[PDB]
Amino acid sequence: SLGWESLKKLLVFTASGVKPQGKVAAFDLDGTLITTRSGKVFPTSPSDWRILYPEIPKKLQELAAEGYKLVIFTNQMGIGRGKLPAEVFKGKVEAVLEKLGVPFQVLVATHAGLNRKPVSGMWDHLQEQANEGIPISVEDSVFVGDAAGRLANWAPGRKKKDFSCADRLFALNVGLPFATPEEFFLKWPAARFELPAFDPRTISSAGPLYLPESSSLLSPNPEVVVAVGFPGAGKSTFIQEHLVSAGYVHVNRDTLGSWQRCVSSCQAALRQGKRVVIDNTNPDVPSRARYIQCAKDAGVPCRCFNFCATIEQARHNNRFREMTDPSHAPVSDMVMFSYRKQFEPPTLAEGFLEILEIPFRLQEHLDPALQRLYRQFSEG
């Protein structure tokens, strides 16, 4: 009866009969509680749904009787993208809930960002805003979903691995016990699965800023520093904080128009006794050679600062910044993949006096809240 609440990037439905509880049985929607009636991969209309397994309502009745608050957590980015009308999705949800026959609270992530599984925004909303202030025991709760990162063929008729691991990673981020729909409703044996190679729980603020520690970030005399690394991974921030703040001239090629004005800019800075930093995407030998030649012509050293971030680390950082930094320029996946395809590690043979390695590390001076968010998986 309480009904729908609309927030900027979240919809919440609370059915008649919902009660706050200290334990929750939460569920994905698409491919977990429902599937297409049509038997197609994608629904042909808002009415193209059926309950996934006939075992489902009995299990839900049993959970409700044991005092579990029933909740749905669903990503519906089609709403934010303008492809799926919110008011049509709302109707579909009410129809599904009527068929399931038990009171549910539903939370819908309409956009990318904090609320989009696997990020735990919807859980935090449930706990902080939508459970009448009752603390929820995560250990006594459960999340059930089909985006579980399962390997192909976990059952007759599925030569296709799970498209996503977002449901399993949501549970991991929150600390919730997790099960697939088949393990949960049908008591099938656990299916084999894979986690992402990069685990953001492993990202430290520890260790040296750069290697070798015996080297110095700055030179007293003119030089050209060439920064190498994936975009959106913190290169420019590091350069701003450590070099530009020390008076290095930020020479940006993308905005100088042509090679000629760039080289001229570089040369004028050097002639003035200044140090120069190139903060661009310089993934391969030919990209970097231009700047090395400029240094050589000017008779100044060229050093490389090689930022260690991997593609998945960089993409993680990008998403984090999208979620937390109003000034962040979102780096597209195409830019990331193009960089990786072109990447050749810097070597001294290119003409560098030395190469410093800049380990991928958590930034200092993120507040505690942001650090907790940083360690969450943010893509399934």
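Residues carry their position along the shown sequence, with the first being 1.
Chemist: Could you check the entry and say whether 107 to 115 or 236 to 244 has the higher mean CA B-factor?
Modeler: It is 236 to 244 that shows the higher mean C-alpha B-factor.
Chemist: Looking at the deposited entry, does 20 to 28 or 363 to 371 carry the larger mean Cα B-factor?
Modeler: Here the higher of the two C-alpha B-factor means belongs to 363 to 371.
Chemist: Could you check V263, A179, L100, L186 and tell me which one carries the biggest Cα B-factor in the deposited entry?
Modeler: If I rank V263, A179, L100, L186 by C-alpha B-factor, first place goes to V263.
Chemist: Using only the C-alpha B-factors in the record, can you name which of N318, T324, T44, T35 has the highest?
Modeler: Most elevated C-alpha B-factor of the set, per the entry: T44.
Chemist: C-alpha B factor of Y291, ranked within the chain: lowest, middle or highest third?
Modeler: Its C-alpha B-factor, which the entry lists for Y291, ranks in the middle third among residues of this chain.
Chemist: Taking the entry's C-alpha B-factors for this chain, is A152 in the lowest, middle or highest third?
Modeler: As the PDB entry reports it, the C-alpha B-factor of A152 lands in the highest third of its chain.
Chemist: Going by the entry, which third of its chain does the Cα temperature factor of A64 land in?
Modeler: According to the entry, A64 has a C-alpha B-factor in the chain's lowest third.
Chemist: Can you tell me which third, lowest, middle or highest, the CA B-factor of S164 falls into for its chain?
Modeler: For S164, the deposited C-alpha B-factor lands in the middle third.
Chemist: Where does the C-alpha B-factor of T281 rank in its chain, lowest, middle or highest third?
Modeler: Highest third - that is where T281 ends up once the chain's C-alpha B-factors are sorted.
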